[PDB]
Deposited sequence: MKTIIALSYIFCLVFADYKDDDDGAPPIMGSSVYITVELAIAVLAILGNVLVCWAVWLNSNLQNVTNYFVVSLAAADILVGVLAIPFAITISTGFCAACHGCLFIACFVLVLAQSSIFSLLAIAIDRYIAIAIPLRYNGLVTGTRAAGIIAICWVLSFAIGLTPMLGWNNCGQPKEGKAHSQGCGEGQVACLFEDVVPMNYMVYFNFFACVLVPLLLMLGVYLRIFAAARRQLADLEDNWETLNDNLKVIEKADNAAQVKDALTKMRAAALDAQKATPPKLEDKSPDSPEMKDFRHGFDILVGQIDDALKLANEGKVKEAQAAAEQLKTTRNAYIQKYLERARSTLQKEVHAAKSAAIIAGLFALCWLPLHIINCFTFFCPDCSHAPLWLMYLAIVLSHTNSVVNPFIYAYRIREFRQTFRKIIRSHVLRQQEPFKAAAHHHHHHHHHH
């Protein structure tokens, strides 16, 4: 069958993906530009991610369409159109890893996040990561390429000129570069690092949820212990456990000032052997607990849960990157590691290529379904 028929389907699908990648990610960038509630360090990496995806639509997809034709080209110019998508994929990987680390810093050390993670430092990191992405993605242009060994029969068959090759991805980009350097070192290792970071994020959240519930349970149990206490020493033991626990949750302010002060009141009576007076003073903690501590409780729990939700949203983005890019990388592994295996058929290569490009469509939908500030800003933009 004429190659232009299957090529037409592949090209049409690529162009449809390009249109969607541009539109959705321009909308992401416009939302962040317009909404100050979306202007934080996390979303600067989101914007860097959306910029890479815009460039997939504007440049990498036109480059991929071009390189599927095998047109005659100078080999190094062919290398650049082959490899520019690797720059954009690498930049996405750095942004995804930055977002994960950012969310880890926010949940592990929230008291120093604002002083540690600033807009100026984030912009500097983004710039450095773009430079590194060009270095990593265009490494074949530094000499790790197949231009020294052109396929002359294919070039002659296409009527190519002297110094030109039929411009095809696997003819110019070495597969050991793609498998060992690009896939294993530059993609697989950072994704596994991201997985580790997300594991620590969710473990940290669960531990802090446990601690909040243990501190809450300790407060209510020791009050009950005091009520059924007999000597002053038992009242003293329970209040001491409450006081240390009260200060531990103290790391709203008036409520803990009342709580500690009321614990100290009962402790002073307990040390004087006045059990009934200490027990009666301790019953007032219940008034403080209802009016302050429980509210100062579900708010921290609510905040942690919002952080879990935001961490899950970021993790879905990273996971969709892995799902969309892994088939093409896995095919490369088969090409490289199994020379006795027939090459993956051309329709599957096209499917794996277009799947990798669909990843540049999906992030705006994840933000729309999972982040209210984005969803609400999207709606206002579309209406206006």
Requested in this report: Where the model has no C-alpha, note the corresponding stretch of the deposited sequence, numbering from 1.
Outcome: 1 to 24, 276 to 293, 427 to 449
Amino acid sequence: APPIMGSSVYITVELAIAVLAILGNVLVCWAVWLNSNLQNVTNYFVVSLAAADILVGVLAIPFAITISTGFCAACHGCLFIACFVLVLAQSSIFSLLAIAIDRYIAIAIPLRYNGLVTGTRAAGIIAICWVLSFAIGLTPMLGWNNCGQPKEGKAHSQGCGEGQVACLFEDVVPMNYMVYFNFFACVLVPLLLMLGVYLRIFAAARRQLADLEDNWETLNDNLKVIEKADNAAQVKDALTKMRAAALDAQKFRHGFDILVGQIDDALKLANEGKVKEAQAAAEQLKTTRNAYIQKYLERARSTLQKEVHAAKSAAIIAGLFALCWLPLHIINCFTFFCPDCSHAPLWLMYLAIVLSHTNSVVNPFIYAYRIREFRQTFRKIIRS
From here on, numbers count along this sequence of modelled residues.
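By rigid core we mean the largest C-alpha set that fits within 1.5 Å across both forms.
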Query - Which of 291 to 299 and 89 to 97 lies farther from this form in 8 other deposited structures of this protein, as RMS of C-alpha positions after a rigid core fit - result: 291 to 299
Query raised in the report: Which is higher on average in the deposited entry, the C-alpha temperature factors of 131 to 139 or of 209 to 217?
Result: 209 to 217
Report summary line: With B-factors read from the PDB entry, the higher C-alpha mean of 256 to 264 and 226 to 234 is in 226 to 234
Requested in this report: Could you check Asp102, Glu307, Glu162, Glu170 and tell me which one carries the biggest Cα B-factor in the deposited entry?
Outcome: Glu162
Query raised in the report: Which listed residue, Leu97, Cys72, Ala246, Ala123, has the largest C-alpha temperature factor in the record?
Result: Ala246
**Report entry** B-factor third for the C-alpha atom of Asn182 within its chain
**Finding:** lowest
Query - Chain thirds of CA B-factor: placement of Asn145 - result: lowest
Report task. Could you look up the Cα B-factor of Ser91 in the entry and say which third of the chain it sits in: lowest, middle or highest? Result -> lowest
Query raised in the report: Lowest, middle or highest third: where is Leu193 by Cα B-factor in its chain?
Result: lowest
Query raised in the report: Lowest, middle or highest third of the chain for the C-alpha temperature factor of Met175?
Result: lowest
